[PDB]
Amino acid sequence: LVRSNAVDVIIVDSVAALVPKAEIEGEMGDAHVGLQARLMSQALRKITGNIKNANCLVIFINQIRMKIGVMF
DNA sequence: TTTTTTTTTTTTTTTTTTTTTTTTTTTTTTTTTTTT
């Protein structure tokens, strides 16, 4: 959509819910340490250069997931 | 009978033998439990 120059505002609701295809194919709790993070990092690397050229918005939506082992 | 005298011209190719080198990471995820 963004590369087409047609649409100008794009919304991705709850980026946390876009599971990888590999994780879907595999069983529950197999592993997939950070695969979501790798996917998200690779996505931006490819679309940042097209978003500026197409003058679009890609407002992403996120969730609050409390972390462990943090005191202060 | 006596009695020798002088060279002239090039034609043709034939066959390949041998490898030499790696190069770079990429990414987090999720809390549990009141005690007197």
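Going by the header, the method for this PDB entry is cryo-EM, and the resolution given is 3.43 Å.

Asks: Any details on a nonpolar patch on the surface? Residues and values, ideally.
Replies: On the surface, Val 9, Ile 11, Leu 57, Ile 59 and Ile 61 cluster together into a nonpolar patch covering about 450 Å² of accessible area. Within the secondary structure, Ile 59 is located in the segment after α2 (35–54).

Asks: Before we move on, could you go through unusual backbone geometry and cite the residues and values that matter?
Replies: In this model, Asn 5 sits at a positive phi of 70 degrees, which is unusual for a non-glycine residue. Position of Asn 5 relative to the elements: it lies in the segment before α1 (21–25). For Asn 5, a relative accessible area of 44% puts it in the partly exposed group.

Asks: Before we move on, could you go through the protein's contact with DNA strand B and cite the residues and values that matter?
Replies: In the vicinity of DNA strand B, the contacting residues are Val 33, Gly 34, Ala 37, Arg 38, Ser 41, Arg 45, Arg 65, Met 66, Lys 67 and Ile 68. Between DNA strand B and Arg 38, the relevant distance is 2.8 Å, taken from a base oxygen to a side-chain nitrogen or oxygen of the residue. Of the residues belonging to the surface near DNA strand B, the class tally is four nonpolar, two polar and four charged.

Asks: Outline the environment of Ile 64, supporting the account with residue identities and numerical values.
Replies: Along the chain, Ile 64 turns up in the segment after α2. By relative accessible area, which is 79% here, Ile 64 ends up exposed. Sequence separation between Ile 64 and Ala 16 is 48 residues; the distance between their C-alpha atoms is 9.7 Å.

Asks: Lay out the nonpolar core in plain terms, naming residues and giving numbers.
Replies: The biggest cluster of nonpolar side chains holds five residues, and these are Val 2, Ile 10, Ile 51, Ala 54 and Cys 56. Setting aside residues up to four positions removed in sequence, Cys 56 forms contacts with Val 2, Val 7, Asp 8, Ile 10 and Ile 51.

Asks: Outline α2, supporting the account with residue identities and numerical values.
Replies: Taking 1.5 Å per residue, 20 residues should reach 28 Å; α2 reaches 29 Å between its end C-alpha atoms and fits that length. The sharpest bend along α2 comes to roughly 40 degrees, located at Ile 47. Within the sequence span of α2, burial applies to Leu 35, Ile 51 and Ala 54. Looking at the packing, one finds that the buried side of α2 touches α1. A positive phi of about 55 degrees marks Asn 55, the residue just after α2.

Asks: I'd love a proper account of the layout of surface pockets, names of residues and values included.
Replies: Space inside the largest pocket adds up to approximately 240 Å³. Along its surface, the largest pocket is lined by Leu 1, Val 2, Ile 10, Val 12, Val 15, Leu 18, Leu 39, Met 40, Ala 43, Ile 47, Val 58 and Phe 60. For the lining of the largest pocket, a count of residues per class yields 12 nonpolar, no polar and no charged.

The rules behind these values
Residues numbered from 1 in each chain as written, not as in the entry; some residues may be left out. Chains lettered and ligands numbered in written order. Part of a larger assembly, values for the part shown. Heavy atoms only, no water. Patch = residues over 30% accessible without salt bridge, like charges linked within 9 Å, V, L, I, M, F, W, Y side chains within 5 Å. Areas by Shrake-Rupley, 256 points an atom, 1.4 Å probe, with all protein chains shown as cover. Salt bridge = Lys/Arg side-chain N within 4 Å of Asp/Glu carboxyl O. Helix = DSSP H or I, 4+ residues; strand = E, 2+ residues; numbered from the N terminus. Buried < 20%, exposed > 50% of the residue type's maximum accessible area, 1.4 Å probe, protein only. Near = heavy atom within 4 Å. Polar contact = N/O pair within 3.5 Å; in protein donor to acceptor, adjacent residues only side chain to side chain. Nonpolar A, V, L, I, M, F, W, Y, C, P; charged D, E, K, R; others polar. Core = buried A, V, L, I, M, F, W, Y, C linked by side-chain atoms within 4.5 Å. Contact = heavy atoms within 4.5 Å. Expected span 1.5 Å × (residues − 1). Bend = angle between axes of the 7 residues up to and from the residue. 1 Å grid on protein atoms, 1.4 Å probe; cavity = no way out; pocket = protein on both sides within 12 Å on 5 of 7 lines; lining within 4 Å. Points joined across faces, edges and corners; volume = space filled by probe spheres on them.

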